[PDB]
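These notes are about the structure you will find just below.
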Amino acid sequence: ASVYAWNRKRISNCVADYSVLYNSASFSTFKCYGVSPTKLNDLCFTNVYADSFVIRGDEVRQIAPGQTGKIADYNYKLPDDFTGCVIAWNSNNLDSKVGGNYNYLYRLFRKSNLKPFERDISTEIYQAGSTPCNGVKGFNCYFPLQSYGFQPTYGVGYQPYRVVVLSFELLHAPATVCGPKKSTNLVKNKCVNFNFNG
Amino acid sequence: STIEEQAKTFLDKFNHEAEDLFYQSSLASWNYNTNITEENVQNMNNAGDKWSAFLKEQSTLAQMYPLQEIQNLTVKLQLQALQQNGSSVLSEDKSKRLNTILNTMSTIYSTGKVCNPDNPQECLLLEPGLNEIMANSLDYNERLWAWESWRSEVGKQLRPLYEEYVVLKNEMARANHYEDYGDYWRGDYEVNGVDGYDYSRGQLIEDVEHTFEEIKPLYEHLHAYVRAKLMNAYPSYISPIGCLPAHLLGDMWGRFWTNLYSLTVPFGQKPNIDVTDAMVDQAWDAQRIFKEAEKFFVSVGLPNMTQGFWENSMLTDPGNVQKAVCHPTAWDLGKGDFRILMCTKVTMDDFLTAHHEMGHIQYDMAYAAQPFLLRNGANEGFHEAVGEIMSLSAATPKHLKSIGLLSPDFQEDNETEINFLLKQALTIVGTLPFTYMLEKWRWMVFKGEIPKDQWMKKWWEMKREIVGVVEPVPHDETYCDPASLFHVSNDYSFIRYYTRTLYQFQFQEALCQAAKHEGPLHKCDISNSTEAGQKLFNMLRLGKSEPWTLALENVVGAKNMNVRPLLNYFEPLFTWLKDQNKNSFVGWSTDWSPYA
Ligand SMILES: *[C@@H]1O[C@H](CO)[C@@H](O)[C@H](O)[C@H]1NC(C)=O
Ligand SMILES: *[C@@H]1O[C@H](CO)[C@@H](O)[C@H](O)[C@H]1NC(C)=O
Ligand SMILES: *[C@@H]1O[C@H](CO)[C@@H](O)[C@H](O)[C@H]1NC(C)=O
Ligand SMILES: *[C@@H]1O[C@H](CO)[C@@H](O)[C@H](O)[C@H]1NC(C)=O
Ligand SMILES: *[C@@H]1O[C@H](CO)[C@@H](O)[C@H](O)[C@H]1NC(C)=O
Ligand SMILES: *[C@@H]1O[C@H](CO)[C@@H](O)[C@H](O)[C@H]1NC(C)=O
């Protein structure tokens with residue numbers, strides 16, 4: 001999806017194996033905020049929010065708590081008290097075509113900054129001046145969503161990057177998204193310390 | 001809400017769409033240059049028309065924001081750059097006439113073919129047919145024939161066209177609240193609104209005269225030495241007291257004197273510093289040349305080339321089937337896309353050109369953080385000067401020994417430094433009076449100081465006074481002798497070479513003082529010095545956001561262009577020329593004493 005209309009998938013009631021993601025060599029950014037990757041495979045969470053979008057190479061740094069920019073203010077805002085991981089990888093092979101891929105958009109103007117985890121899909125003309133826009137993109141009245149022009153011959157700061165942000169929250173409901181606990185080979189007829197289902 | 005925020009949002013909806021349209025146009029121009037085919041020409045023309053129409057619409061929309069209600073200097077600079085009418089203030093008929101005049105001058109210059117009367121079955125074009133004759137022949141009347149016949153055909157075609165051109169450009173400039181077109185060209189160096197660092201359009205001519213008055217003794221001694229050597233080469237044509245004949249300078253117009261190095265060499269018996277054979281023996285590919293240039297730029301601390309540079313550049317001639325422009329050009333296509341289009345051979349000249357164009361690429365990469373309309377040099381001189389300093393540094397024997405191209409037991413004595421400095425003076429110092437005379441003549445033509453019936457009588461008078469070059473035979477007003485050159489016939493500014501030449505040695509002194517070099521300035525190499533690269537990159541990162549005076553304060557610590565670094569660079573050569581000119585007469589006479 002586009003960054004203005006970022007896809008949110010709610011992940012519940014399953015087993016989340018995070019070591020498959022962490023040990024992959026295909027990811028360029030795996031920056032986790034509020035938690036470390038080593039204890040992800042141990043801890044258990046109530047729900048997982050997977051937000052997916054495409055941004056530029058130079059805009060990956062703005063997907064962080066406390067940052068400022070077009071993406072943070074107008075497209076996708078992260079809270080300061082955010083627990084989760086931001087995973088980004090280059091997708092110049094898929095999301096760039098030789099003619100120019102203009103299927104991706106970004107809200108360039110809004111009257112106020114976004115709240116954390118807010119989605120704005122409105123297509124109303126931004127009013128920068130005192131005169132009413134009246135629905136026409138004339139003087140001082142600009143269209144909010146501006147397209148990205150992805151091409152495969154671009155620089156590394158302009159190449160498309162697919163970003164998946166996983167948000168981990170703990171609520172008073174029973175946490176059901178747990179990691180895969182391993183199973184040490186059962187040994188019989190010896191005095192051993194057993195741990196069966198807790 | 002406020003006017004300033006409205007202008008900022010307008011500049012952002014400019015910038016974002018502009019970068020992508022400039023990219024499309026630049027990519028179309030690249031595809032034309034690497035593949036000369038008619039559909040690529042059509043795609044280039046369509047992209048250029050879209051780019052020009054988009055610039056017209058944004059110029060039409062930018063003017064509605066008044067300048068005096070904006071206080072931020074960068075926003076005011078971008079709005080000042082955008083709000084220029086250009087040719088749009090002129091009427092559509094006169095604008096179409098001006099465009100037609102420019103196109104027909106382009107066709108006349110590009111397709112101008114001249115050969116000898118009574119032998120018309122085949123003819124030679126300027127490049128490379130006439131260039132090789134001008135650069136290599138030793139015959140007086142053959143060079144005289146080629147020079148007079150090409151200025152006869154080109155001037156007699158272009159004189160009414162230039163007479164229309166000056167009137168149309170003056171009309172456009174006075175419609176844009178300028179005094180003349182010369183003031184429009186001098187407005188590139190105009191700095192307004194900065195306390196102390198302001199620069200005026202009228203100060204440029206005074207600064208050029210002030211620097212050239214100090215240029216003049218060195219050029220007089222060099223001209224006397226070249227006169228004595230050409231008297232040795234041609235016994236009877238050259239007078240001891242007079243100017244040089246025009247067709248003997250080694251090039252078509254007198255732009256460079258670098259083709260007289262064989263005739264005017266001080267010590268022919270001593271060897272040259274030619275490294276061509278060493279690269280041929282070690283089989284140095286053009287890829288290795290660009291990798292060594294990249295090693296030079298990482299040694300000074302500048303960023304290395306992107307992966308897209310190595311993937312997308314054409315550094316070798318494609319073949320017979322595919323046609324490409326042979327001229328080396330660095331392309332900043334936009335959005336972090338940087339390419340070099342050069343048909344690189346295994347020569348010293350192509351290696352220095354590779355360093356020069358990679359310096360252009362480094363300069364383009366440095367201001368990538370800037371907004372789109374501020375992505376330029378602070379003036380037109382800096383952009384070429386940052387490539388010419390790399391051409392200076394790469395040419396040193398220390399750089400050749402460091403990269404292994406020169407033998408470590410090569411003897412660097414004073415005679416090789418003298419003849420190298422003389423070659424650099426014939427390339428660099430010799431273009432300065434021609435450039436100054438051409439720009440001053442064009443400024444007086446646009447200002448109206450010279451009437452149309454008196455253009456050439458003054459012009460040759462200027463050439464005798466400034467360049468010290470006499471016409472072979474007198475020319476009347478049916479000739480148009482300036483417009484045989486590429487830049488003047490195709491509406492290009494010419495003071496960029498003068499400013500580039502002075503900024504080159506100013507930057508060279510600044511970086512060599514930064515690098516703590518303890519010898520002569522021409523023996524200085526800026527490799528291995530992180531602080532010199534940092535001092536360079538501080539100015540390089542600014543782009544057009546800051547005034548060129550403030551950038552020059554950032555580099556050299558001076559608020560104005562200076563002539564003393566050039567004289568310090570050639571000071572051993574200046575003393576050697578003063579020693580060699582004891583018997584001969586320094587200076588020239590403006591009279592017709594050699595030939596007229
Ligand atoms: C250049 O244009 C010709 C025209 O047919 C085309 O066949 C060829 O593939 C092109 N080459 C490149 C490198 O674009
Ligand atoms: C001018 O505008 C730029 C953005 O266009 C901003 O970064 C800068 O801080 C502004 N300068 C001043 C003095 O307000
Ligand atoms: C451009 O031309 C228009 C129409 O003649 C004029 O109103 C405007 O002031 C001009 N712009 C400048 C910067 O002079
Ligand atoms: C540029 O330098 C960096 C760090 O020295 C290196 O990782 C990168 O591969 C270099 N780029 C190229 C194209 O070699
Ligand atoms: C070069 O040095 C030698 C030895 O010191 C000296 O004899 C000669 O005159 C010098 N030549 C020049 C041009 O300085
Ligand atoms: C600059 O550094 C490189 C890296 O070791 C070295 O090979 C080179 O010799 C140095 N330059 C000089 C002039 O010593």
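Heads up, residue numbers simply count up from 1 along the chain you see.
Quick check of the header: electron microscopy, 3.0 Å.
The backbone N, Cα and C atoms fix where each Cβ goes, and this holds for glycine too.
As annotated by Swiss-Prot, disulfide bond applies to A:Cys32-A:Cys85, A:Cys44-A:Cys178, A:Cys133-A:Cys141, with the evidence given as experimental evidence. Marked as region 'Immunodominant HLA epitope recognized by the CD8+' by Swiss-Prot: A:101-109. Marked as region 'Disordered' by Swiss-Prot on the basis of a curator's inference: A:172-194.
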In whole Å, how far is A:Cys85 (disulfide bond) from A:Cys141 (disulfide bond) when you measure between their Cα atoms?
37
If we skip the immediate neighbours and take only residues 6+ beyond the ends of the region 'Immunodominant HLA epitope recognized by the CD8+' (A:101-109), which ones have a Cβ under 8 Å from one of its Cβ atoms?
2-5, 54-55, 70-71, 74-75, 95, 120, 126, 128, 142, 144-151, 160
Determine the Cβ neighbour count for A:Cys85 (disulfide bond): the number of other Cβ atoms within 10 Å of its Cβ.
23
Of the disulfide-bonded residues A:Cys32, A:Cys44, A:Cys85, A:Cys178, the one whose Cα sits nearest to the Cα of A:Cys133 (disulfide bond) is A:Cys85
Who are the chain neighbours of the region 'Disordered' (A:172-194) in space, where the CB to CB distance is under 8 Å and they lie at least 6 residues beyond its ends?
11-18, 40-48
Taking DSSP three-state, what's A:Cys178 (disulfide bond) in: helix, strand or coil?
strand
Which of the three DSSP states, helix, strand or coil, fits A:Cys133 (disulfide bond)?
coil
In whole Å, how far is A:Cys44 (disulfide bond) from A:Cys85 (disulfide bond) when you measure between their Cα atoms?
15
For A:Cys178 (disulfide bond) and A:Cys32 (disulfide bond), what Cα-Cα distance in Å is obtained after rounding to a whole number?
18
Other CB atoms within 10 A, centred on A:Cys178 (disulfide bond)
14
Based on Cβ atoms within 10 Å, give me the single least packed residue among the disulfide-bonded residues A:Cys32, A:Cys44, A:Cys133.
A:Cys44
Residue counts (helix, strand, coil, in that order) that DSSP gives for the region 'Disordered' (A:172-194):
0 helix, 2 strand, 21 coil
Give me the count of other Cβ atoms within 10 A of the Cβ belonging to A:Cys141 (disulfide bond).
17
